[PDB]
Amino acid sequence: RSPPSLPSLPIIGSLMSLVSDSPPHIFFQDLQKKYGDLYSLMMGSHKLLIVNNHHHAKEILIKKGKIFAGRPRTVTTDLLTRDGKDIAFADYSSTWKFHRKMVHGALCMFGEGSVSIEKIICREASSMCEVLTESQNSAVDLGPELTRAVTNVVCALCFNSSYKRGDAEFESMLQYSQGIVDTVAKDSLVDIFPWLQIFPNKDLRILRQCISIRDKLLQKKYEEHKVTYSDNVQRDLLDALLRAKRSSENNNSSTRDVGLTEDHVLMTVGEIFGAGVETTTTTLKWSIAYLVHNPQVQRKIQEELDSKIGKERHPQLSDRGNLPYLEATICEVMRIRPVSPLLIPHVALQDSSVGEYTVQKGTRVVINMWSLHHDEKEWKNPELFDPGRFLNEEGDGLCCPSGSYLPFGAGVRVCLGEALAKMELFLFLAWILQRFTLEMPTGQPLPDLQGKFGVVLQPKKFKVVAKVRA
């Protein structure tokens, strides 16, 4: 009782069956017309299970979470993460669980005396909004001005620093990062046939180059932090990891079987950094896009902000319960352009089963989040940006419209930075829309909504201007 499979050849597998012009997620969606909502294929030696139904997905992620909690190893992700010593791409282990806890706790604990990431997010939203007022005349494209704000929130979190406006070594970070996003967990020949390392591989060479840069900047932050370290303060996530590593070397019963080598410390912090930039910036950019496209959504948000916050005061995180239309718009942005249309593979750790079907140990289960959030059977008009999907009868609050909505995934490997991302999206969006309304420059056209595919689904460059008032 195995699920339908694509045709397989012996070494190759099903690769001859999966050449298309569509991006991998819509391709795997359209394949449901032939193979149903749940089906397998073979990428070289490795068996893939593609999951398009949310009942199956919640069975993978929740019911049988630890079971499908394995991560696959891959040459690109092995390099990115020093052979899986991060959190995503790290195999289900007490090491993975511990590092998740440390990131969680460092976020709860950031800012020593009353100060928190709320302060940092508000500082950076403020600094940005004051550059947008000061350049309403001279257009100035937000996006990079927004990317710096987001990067600074997570930069504060991880290394207790920030990038100056117009900083040289920031744009170098953006550049190497985009290089990594280009070349990592896109299924390429070396990721399918690892022995192709014996030949020259172009994208492996540029990936390795971007990693070298990152590794330089990480080691620089690492050794600085070590010299200036004190037990009286936990400045940032890196201090909390250094404290933990110290305890590991003092032999406490706690952290004895938990990986806290130098590698682990660096990859964890590096990971949170890269995540915090590429995920939140991407999501905000989609927000910006769908707001330019749907100015009646801009206005209804602004009218809400006028009612519950506006004038005399800027939006605070205590306002979180009280701005349901803004909340719903963010839900809808996450739903319509999922940040990862194909989730990282959930590898089967033992033999198990998914809804009537058998699932062989070691199989790579790929949840098709696109198909979950765009299924016409659970979402009406799936290409329509309607924040009302997530509102209650009156607009007093939110309703889950569908069981299929898994914006931060679920279960055991649920997004580590969910709470953070919610703070950033809420605060940045509310701060901007409080004072500004977003428009397209002169009589230019509305942005293209088809996404540059990868590990993250990112939009094509907008160039969008902010004109007061709101």
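One rule holds for the numbers: they count along the sequence shown, beginning at 1.
**Q** Using only the Cα atoms and their B-factors as the entry lists them, report which of 182 to 190 and 81 to 89 averages higher.
**A** The stretch with the larger average C-alpha B-factor is 182 to 190.
**Q** Determine, for stretches 306 to 314 and 327 to 335, which one has the higher mean CA B-factor as deposited.
**A** Of 327 to 335 and 306 to 314, the stretch with the higher C-alpha B-factor average is 306 to 314.
**Q** Looking at 285, 300, 346, 389, which has the highest Cα B-factor in the entry?
**A** The record points to 300.
**Q** In this PDB entry, which of 154, 106, 132, 367 has the top CA B-factor?
**A** 132 has the highest C-alpha B-factor of those listed.
**Q** Taking the values exactly as deposited, rank residue 206 by C-alpha B-factor within its chain and report the matching third: lowest, middle or highest.
**A** It belongs to the middle third of the chain when residues are ordered by C-alpha B-factor.
**Q** Rank-wise, by C-alpha B-factor, drop residue 457 into the lowest, middle or highest third of its chain.
**A** It falls in the bottom third of the chain.
**Q** Going by the CA temperature factor in the PDB record, which third of the chain does residue 444 belong to: lowest, middle or highest?
**A** Answer is highest: the recorded C-alpha B-factor places it there.
**Q** C-alpha B factor of residue 433, ranked within the chain: lowest, middle or highest third?
**A** Answer is middle: the recorded C-alpha B-factor places it there.
**Q** Split into thirds by Cα B-factor across the chain's modelled residues, where does residue 257 land: lowest, middle or highest?
**A** Highest third of the chain for residue 257's C-alpha B-factor.
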